[PDB]
Every structure is written in C-alpha cells, then in structure tokens.
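# using only what follows, build the 3D model:
(one chain, ligands or ions: 1)
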Amino acid sequence: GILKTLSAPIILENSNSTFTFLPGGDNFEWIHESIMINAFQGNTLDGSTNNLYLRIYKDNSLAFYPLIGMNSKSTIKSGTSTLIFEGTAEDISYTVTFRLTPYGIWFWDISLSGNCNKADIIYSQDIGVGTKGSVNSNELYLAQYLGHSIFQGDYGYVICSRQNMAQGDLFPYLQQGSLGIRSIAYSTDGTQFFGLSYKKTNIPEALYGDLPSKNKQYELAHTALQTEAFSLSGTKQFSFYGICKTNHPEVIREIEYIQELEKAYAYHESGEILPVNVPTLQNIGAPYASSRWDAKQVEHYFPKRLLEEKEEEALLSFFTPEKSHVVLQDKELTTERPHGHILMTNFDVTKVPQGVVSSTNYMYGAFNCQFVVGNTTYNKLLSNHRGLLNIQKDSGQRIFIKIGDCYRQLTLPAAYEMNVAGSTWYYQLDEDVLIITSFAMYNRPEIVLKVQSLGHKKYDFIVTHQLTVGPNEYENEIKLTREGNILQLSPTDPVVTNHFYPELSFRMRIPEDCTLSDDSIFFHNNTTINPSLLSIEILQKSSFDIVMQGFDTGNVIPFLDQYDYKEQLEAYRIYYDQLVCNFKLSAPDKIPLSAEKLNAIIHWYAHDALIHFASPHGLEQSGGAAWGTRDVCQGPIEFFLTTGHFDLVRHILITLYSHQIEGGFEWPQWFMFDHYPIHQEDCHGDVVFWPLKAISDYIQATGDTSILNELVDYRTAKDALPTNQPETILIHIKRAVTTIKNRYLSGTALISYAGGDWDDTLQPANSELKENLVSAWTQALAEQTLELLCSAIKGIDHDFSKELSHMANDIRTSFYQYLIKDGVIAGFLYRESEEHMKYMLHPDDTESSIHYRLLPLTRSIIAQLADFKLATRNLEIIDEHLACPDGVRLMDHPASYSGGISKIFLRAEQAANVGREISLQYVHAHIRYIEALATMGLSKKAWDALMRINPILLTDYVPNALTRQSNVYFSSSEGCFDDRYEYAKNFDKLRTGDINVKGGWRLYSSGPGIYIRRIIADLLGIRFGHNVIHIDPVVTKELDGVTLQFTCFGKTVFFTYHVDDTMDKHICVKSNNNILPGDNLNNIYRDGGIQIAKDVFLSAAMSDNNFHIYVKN
Ligand SMILES: [Ca+2]
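Residues are numbered from 1 along each chain as shown. This is the structure:
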C-alpha cells in the first residue's frame, strides 16, 4: 500500500507569489519569490496559527469569533488570486476577501453587516520570513533574528520586520498594517497573543483584553493588531495588508512603499470566483485538559516526595526516590518553554553506537515526536515537535478520547512524571484517572505507548500519527503494509533515506480491534485531505498499547507478548548507575542541600549528555543529527574520560580523525557520523585544536599511545566521501599542526582568528577581521593544546614533540608580548602590522561600550598559562565586571545592535532576541569558569558557581531567576529584556539582580557532560590517569563528613571527606588508618593533590574500601 502525500488544494498565484491554503482556508505555505512568509504550515485538524477575530462587547459578556480558516465554519469561493470567506457570527454577517496581488502585497478585506453596539477586530499572523528550508528547520531560531520596528501610519500601528540573518544572501522584509480603520494596539510575539494559559485553555489569552503594544523579541514571531472599537448599524468595510520584500539591506527607519501599497490596493482579479467544498469536522470537540490535582490527590499518587518546589503554597514540581521528576500542571502554566523529554535506547558503551532509537515527548499531550532509528533527521517515522505553546498540536503521536458526544484531544495533564526510561501523563477525568505512558525498551529498538484507565472504565479513542518515513512530513509517499495487528512502514524510492539505508523500515503493533484510516474519519463527508495522517480508532477499551519498532538495517525482530514498563525502568536504572560509576553522596546527619541536588541531577545530566553524544538533538534544537567537531571533543569525551569509558573514547577518536578533511587538513564544523555523507567543510578557527586536545587527554588518561598508529582515512571537502588514502593518526596530527603554523600573523606567533572562535555568534563580519584579528582565547587554547600534544607524543616521536614544545613557547610568548596591557588580557587584538595594532574588548578601547571578555581569563587559568599574579587579576576582573547572581557573563556589555546590520561580529549584532549567547550567560562558559576556580583551588566560589546553574530549586538559590524545568540542562540565562536597546540601556540590572532572568534552550549541549566532569574530576577530585588515580579535591567545609560512593577501576569505593585547614600537609589519604603513598601533583596556583598507583590503591581497597581524604582547603 502506498500512502499519498498532502498537497494544499487551494493554490493562489500571482506573478512571483504562490500562497497555498488547506480546504478550510487555513494557511499552508505563503511563498513570495523564494521567501516563506508564514512561520507554521496549517494542518487538516487544527487549521493554521493565523486568523482574524471579530469580538462583540456586551453589558455582561465579551465574545470572540474566528472569521477565517476551518474553525470559522465560513463558506469559501476561490479565484486564481482571490479567496472569499462568508458567514455569520451571532447576528453579524461577514465577508472576508483575501487578495493576492502581483506586487508581493496581499489584503484581507473585511466587510461586516448588521447591528451591534460595540465590536472590534483582531488581526493575527505568525511570520517566518526566511527560506522554506530555514523556517522548517527551526522556527525559533529564525524568529530570534527577525527584528521588528513599530510606527504610526495613517491608520495607527504598522509593523515592519527585517530578517537579519542572511537568507540566500538576501535580507527579507515584511510590513503589516490596516487600511480604513485605526490599529490602536499591537503585539509581536506568540507569547503575547496566545499566552502561557493557552496551553491549558486552548484560547488565545489576548482575546479577553487589549494587546500590550510592546514589541517582545522572542521565538514566536507573531504579529497582532487590534482595531478601534466601532458600532454597526448597516455595513462597514476595512482591510489589513501585508507587504513582502525579498531584500531590504538597509535597517528599517520608517514606513516604506506607500505608493506601491496604494496601487496594490486597487488590484482585483478579472476571473470568476467560484464556490469550493469545505469538509467539516464531525463530533470533534475542543481539546481536553485535565483539572488540577489538590494536595490530597498529589499525596495519594506521590506519597514520597523530595526537593519540593512550591510557589504561593502550590506544589509545582518534585523528585521521587525512584529517580523520577514530577511536574504539576500549574508549573507548565508558568514556564515559557514547555516541559519535555527525550527517550533513548541503551547501547554498548564500549563502541560508538549506530541505530540508536529515540523519541521526544512533552507534558501538553505530545506523546511521541520524532521517532528515529539512528540519524535523527533522516531515519524518522514521526514528525518533529515545533513551536512552544502547542497551537499546532498535530505532530507525532496524539490522542483523542470521546467525552460525551465528541472526540476531544488530550492536552495538559494534572501531572507529568519523567524517568530516564519513560514519561507518564496523569489525566483527571470525571471520576477516573487516565494514565498514559510512553517508554523505551531495554535491549530492543522500541518505544511503547500504553494507555490505562485507573478505574477500568471503557472509552473510545483515536490515536493519530503524523508520519514522515523520511526527514519531513508532506514530502514523499510512504509504503505501508499490514499483516493482522502488525504495520510495516518504509520509504518510497525518491526519499534520500532510501538511498543510504535501503533496508530501513518501521513497524507498529496496533490493538486487535481497531480500525485504520487517515484524517477522513474526522470529517462529516469522509474526505481524506492528509493521506499520511495514520489514525487508529479504538472503541470501548479500558486499556491498550501501541508498540513502535525501528530497523535501520532491516534486522526485524518479533514483538514480545508482554511490554512491561517496570522491568525497563529497573534495567535503565542500573545502566545509568553504571554510566556514572555508582555516584552517590551520603552523610550520617542530614546531607547538605548541594549534595542532595547533585544526587538528584547527576543521572539527568548523564542522560542529556548521552543524548548529545549518541542521538544528537534537543528540545528546541530538534535538527541536529551530526556531531559538532568541537562539541564531541568536549561533552562526550570529558564525560567518558571522567567515568572511565576509555574504549568508547578511543573509538570516538578514531571516528573523529576519519572525518578530517583532505587537502585543507582541518575538520569540518560538524559531520554526520553514520552512513550519510554530509558535513560543513567551512569551520571556525578554534575547531582544529579540539581533536588534538582530546587525543592528548585520552593518551594521558590511559597511556594508550597505540591510537597514534591507527590507519585512518580522510574525507573530501565538497562531497564528504572517504578518500581511501589512509594515513596514521600521528600523520593526521602533523598535517593539522601544519595548518596551525600557517595561521601565524607575520612576524609573530599570534594565531589568526580565521572563521572565529568558540562563540559561534562572534564570526568576523569581513575578510580583514578574519586575517588580522587575534582571539586571546584561541591563542590560549592553542598553547594549552600544543603543550598537551607535546607530552602525549614525547615517548613516540622525539623530534615532533620538540617542535610542539617550541611552537607552544612561541605562542605563549606572543600571548604575553601582545595580548596583555595594564595587567588585563584583551579579548582581541586587531593587527595590520607592528605599526598598526589595536585592542578590542579591553579597557583601552575607549570608543567601545565593551571592555572585558570572560573566555581568555578562564582559559589562561585552566591551561596554567596565566602566571599566579595575572590569574589573580583575572579573578578580580571577573568579580568586578562579569559576575552576576545568575552566573558569570561573557563580556561586560552587550554586542552592538543598530537595527540588525553587522560591523565587527555577525550573529551577535544580528540577533533581535536577547537569548542564547547574546544573553552573555551561556552556561557552558560558566562551567569553564568553575574549571578555572577548581584549578586555583577556590572551593567556596567554585561550589557557589556550581549551584548558580543547577536547575533544582534554582529560584531559591538565585532570587531573580524564573523557574524552569528542573531535570534538564538549560543552555543560557537571559534577562527579561524585550529588545536589544533596552538590554544595552539597562544591562547593569543583571549585575545587581534587579531584572528577572529566564532559561534558554534545553538539553542538547556539551554543558551536561562538562558539568559532570567538574563535579567528579575537579571538585570532588577523583581523576584517572595511566595506572594511577589522582585525588585532588576542591571542597568546602560543608563536605566535611560527607562520603562519595564511586567505582574506580571497576571497584566500588567510598571516599569520605575531612576538611581540616589546620593540617601540615595539603592532603592525606588513609584506608584502615594506613596512609596511601603517592606523589604530589603539579599546580602553579596552589598545593596540588596526590597521585596514587593503581595497584597500591586497589590493594588497599580490597582490604578496606572506605578511603578517608584529609584535605586543607
Ligand atoms: Ca559534616
């Protein structure tokens, strides 16, 4: 069987514009030249995100009615460039006329007829303003670069928007406004129009009041306009309009195109405008959200609760002894970003895995999005989650339940419980609880949905599935066959998947008594519209399940007879315990809260890190799939080195070196690590150092110099294919080091900035910046890396090792010679020649508002490159200029913003949204601050810094932080500033905590893996070396008497901390009162810890496994 693909049946065309609509008149794709104007495509059940609303005001009520789309119940006629909606709302007759002109200009002409005392209209339009590929790839990211300017025109507010991130080399533009009626209020973001409360009510919050008339630059670009209120006694007519320009290189300064708009407004189509049939939903009600639970209910279902978060006495979230995190309904209605989770199948932790199965889900009834096997972009069964507020609620697997006469879609539950193995939703119904579970199977490529009525009451259900079978919905036909209760789905020939994973298929085991259809069952006349919405109707059951299987290589296995969550939960618990070497902090008295938070979060961060590594995608950042070259070298390698997964790291490193690029001999920015030959051959200037640093760290930890002799291929730049001309890794390293020599600025060993550094928003805006900038951070990283490489290679290739020592010395010399003035390391040097040099991000740059950069200050400490006196100064600088209650910031003032055009840095000057790196508290960099503090032995600061970015009970620790999902990593902390100008003007509020801050994108980051390393390796001080253990704690008095359980060289040991500032020596380690012999570690800033031989350590542990660590902090 072949499932057809959805094509929008209403197609309007004019000149260079094609605007398509679904049969109810919902926007599908609005394209002008090569720019997509809407942000979200409509779907056949929800409609689209845009609308026009008529509101009617009475003495005892306010009412609101959509005039367009499938929910208006409007009749429709179309022409070649015109669409006419007709209907009535209460006693008012309306017609809406959509006109697409030849001028990249459209109109919504509204005519109202009847009698009423007071009414208004609200125009509502979600906007993308990018290429189709950019919009579909990440609407959130696109919106961050869409800068809005607000003006007063002839008819009140007009909204002009410029896309600041280049789209096919163009900077596209929109203008929206009203004609013939005043727009007296406006808004620009979805969170302002729909509100968080939508996630429960399904009603846009703005419809009960007046728009705020503020421009919020966030991630849901969404234009709304509210008309003046009016009376009707007869017929009244007015319009909204839009203008799209594909290229607007200047910044916006005023309302433009006034003459074109006037001409366009006179345009009408000559053709006949004829009726079309509108399929209508039948017995489908509004969505169903659970009622909230009270205290007794919560206590009954969750009698054992830890780390409880309460606001105004309402419980918002908590953790359980079974290592779950539970979120109550009220918390979702306060968090701007939706609570969610990623499930992933276990794999063999000695090798880089392939074919890992993953699924995503969210609290508001998205039970299974983006089901994948291996590649998270291409090897996909179910569509990706999009947006934030679940206005479009079709993606993946969704559930309708019949309540009264109507099927109603499940949305927001009373509670949502997450475990590394699965998610559970609790919906309170009238005298029953429906429990929905979505969970991963252990040792099998499967995700399981289970539905169960707690009272064993029967219901009717429809479970919908937005299939892709390939990278995207609505792109290609799908093969579907059935044998009994088993469905098999596989891609048709044109799909890219089909080419590199020709045996890829999925299977679903469905319930015995169900019926299968597409969306036809939702409609009064049974018309199929979307043929790839796979709908399963299940009648009168009190429970059922759906089991999903993924096979990238065709290794089809039978279904089990029984699918039990509890057994998977126990097996995943053990798997994660082993991953973190049975980490557990304990004390005889009450454990300190910081230890309690670590015990609660560590497996969550291990799960996040494991996803980042093996199935790369996030909640917001659903498009990943590849390894970032610098990223795999950080989060995953640091996590695995910390925990002793050395075989895994070796394989990672071999894989990584095989992706080095022939001819250039640097690495791509990112690459697929599976059979898809896809990479980004253009890279930042820091990227080349990471694989060099990582191999060195591995060699130092393990002694495994054999890796250097492995024969490994390269990849071609344009094609990403193997060259089949392998060389030893040692020679890979030599070629990479040659590229580094070639970066020297003439007469120096200063490394040119080239494509940029760690901060992806700081790409140079022109070629001269590319050649003549030097990043002090890059310079420092280069010194660190070449020294590590020197040591790693010393016993293998004497000469190469000597040359690395000299290069490192030269680089170190240039760092001290050029990049430091008045004791302050400059962020950058701009050098045309010895005669023409200037600092940036240094106090000497008196023309700039930016005088200090974090990165060089931490990197120079971590590398032990900064001498003691300089390092001390770096810390004073951080404290005075960079330290905030929500963490340390990246620079002491924001980057330039002047309407979206770049002068020095690219994305930093283009982002209209205060978020991500632009927030200046990008949590990954704060984690490196912690690594620097640990290097200096500064325990009080280091532990305080660890807690400032720990999501558990964050709002109690950082009083100006807004609450966020407590069991997942957050990537950034951003002040609640509506735009870049207010951010620059009141930046100092961040220092003092006089503005609230909120969390950024979730889960997918190097952050979790590196945080884990800070905890274990740098603070608790347990590190592994070649046949040695290093014990080097940086702990506060609070850890006195606390014990760590940790598995070392396969043996579980217990490390008890005694913190004694009066001791003679810096550290002493005892077991059964015997002092362990060892040698002192090297550290230029403080007394180092101790290195103990593996055999001595293990021999001691066999006798008595409780090691006592006496340390003077
Ligand atoms: Ca104590």
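# so what touches stretch 283-295?
By CB atoms under 8 Å, 6 or more residues apart in numbering, the residues outside stretch 283-295 that reach it are 45, 200-202, 301, 315, 328-330, 365, 393, 400-401, 403-415, 426-429, 522. C-betas here are computed from N, CA, C, even on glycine.
# who are the neighbours in contact with the residue of the chain found nearest the ion?
Of all residues in the chain, the one sitting closest to the ion is residue 1041 (3.1 Å; CB to the ion). Remark: with contacts taken as CB under 8 Å, 6+ apart, residue 1041 is in contact with 587, 588, 589, 1056, 1057, 1058.
# swap in residue 850?
Counting by CB under 8 Å, 6+ apart, residue 850 makes contact with 827, 840, 841, 891, 892, 893, 894, 895.
# and for the last one, the neighbour number?
The reference is to residue 895. Around residue 895 there are 26 other residues, counting by other CB atoms under 10 Å.
# that one touches residue 905, doesn't it?
Yes - with contacts counted by CB atoms under 8 Å, residue 895 reaches residue 905, the gap being 5.7 Å.
# hang on, residue 235 in a helix?
No - going by DSSP: H, G, I helix; E, B strand; the rest coil, the assignment for residue 235 is strand, not a helix.
# just give the nearest non-adjacent residue to it, would you?
Closest residue to residue 235 apart from its sequence neighbours, by CB to CB, 6 or more residues apart in numbering: residue 113 at 4.5 Å.
# just residue 207 next, same as before
residue 64 (4.4 Å).
# ok, residue 638 next?
Distance criterion CB to CB, 6+ apart; nearest residue to residue 638, sequence neighbours excluded, is residue 1013 at 4.4 Å.
# dihedrals phi and psi, that neighbour?
Taking degrees, to the nearest 10, you get phi -60, psi -40 for the backbone angles of residue 1013.
# what does residue 269 give?
With angles defined as degrees, to the nearest 10, residue 269 sits at phi -80, psi 140.
# does it touch residue 81 like I think?
Yes - the pair residue 269 / residue 81 is scored as a contact, 4.9 Å apart, by CB under 8 Å.
# what residues are shared contacts of these two?
What both residue 269 and residue 81 touch, as defined by CB under 8 Å, 6+ apart, is the set residue 99.
# strands along the stretch 201-350 of the chain, start to end?
Assigned by DSSP state E, counting those that start in this stretch, the stretch 201-350 of the chain shows strands spanning 221-227, 230-245, 274-276, 306-311, 314-319, 325-328, 340-344.
# counting contacts, what elements does the fourth one pack onto?
Packed against strand 306-311, as judged by 3 or more CB pairs under 8 Å, 6 or more residues apart in numbering; DSSP states H and E, are the following elements: strand 314-319, helix 593-614.
# distance to residue 939 added to the ones you listed, as TSV?
Shown next, in TSV, are those (distance: least, CB to CB, whole Å):
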stretch	distance to residue 939
strand 314-319	26
helix 593-614	12
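# for residue 173, find the nearest of these.
Nearest to residue 173 among the helices and strands packed on strand 306-311 is helix 593-614; the distance by CB to CB comes to 36.3 Å.
# so the closest one versus strand 340-344, what angle?
Counting by axes from the mean of the first three to the mean of the last three CA atoms, to 10 degrees, helix 593-614 lies at 60 degrees to strand 340-344.
# mind listing what's buried in stretch 90-109?
92, 94-101, 103-109 (16 or more other CB atoms under 10 Å).
# should've said stretch 801-815
In stretch 801-815, the ones that count as buried by 16+ other CB under 10 Å are 801, 803, 804, 805, 807, 808, 810, 811, 812, 814, 815.
# after the longest strand anywhere in the chain comes which helix or strand?
If you go by DSSP state E, the chain has its longest strand at strand 105-126. The helix or strand immediately downstream of strand 105-126 is strand 130-131, counting by DSSP states H and E.
# and that next one, which strands flank it?
In the sheet, strand 130-131 lines up against strand 35-36 (antiparallel) (DSSP bridges).
# which residues are in contact with the helix or strand following the partner strand?
Where DSSP H and E defines the elements, the next helix or strand beyond strand 35-36 is strand 51-57. Strand 51-57 is contacted by residues 62-69, 71-72, 89-90, 92, 94, 96, 108, 110, 112, 116-124, 207, 229, 240 when judged by CB under 8 Å, 6+ apart.
# show me which of those are buried.
Buried members of the contacts of strand 51-57, counted by 16+ other CB under 10 Å: 64-69, 71-72, 89, 92, 94, 96, 108, 110, 112, 116, 119-124, 207, 240.
# around the ion, which positions in the protein sit nearby?
1040, 1041 (CB under 5 Å from the ion).
# 8 Å instead?
587, 589, 592, 1037, 1038, 1039, 1040, 1041, 1042 (CB under 8 Å from the ion).
# buried subset of these, written for ChimeraX?
Buried subset of the residues of the chain next to the ion, written as a ChimeraX selection, criterion 16+ other CB under 10 Å:
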select :587,592,1038,1039,1040,1042
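# tell me where the stretch 651-800 of the chain has strands.
All strands of the stretch 651-800 of the chain, identified by DSSP E, counting those that start in this stretch, fall at 670-671, 679-680, 711-712, 727-728, 773-775.
# tell me which residues in stretch 640-658 are buried?
The neighbour-count check on stretch 640-658 (16+ other CB under 10 Å) flags 640-646, 648-650, 652-658 as buried.
# circling back: number of nearby residues for the residue nearest to residue 638?
With other CB under 10 Å as criterion, residue 1013 counts 25.
# leaving out the residues flanking it, which one is nearest to residue 842?
Once flanking residues are discounted, residue 842 sits nearest to residue 826: 3.6 Å by CB to CB, 6+ apart.
# now the one you found, what are its backbone angles?
phi -70, psi 150.
# isn't it right up against residue 777?
No - Residue 826 is beyond contact range of residue 777, at 10.7 Å (criterion: CB under 8 Å).
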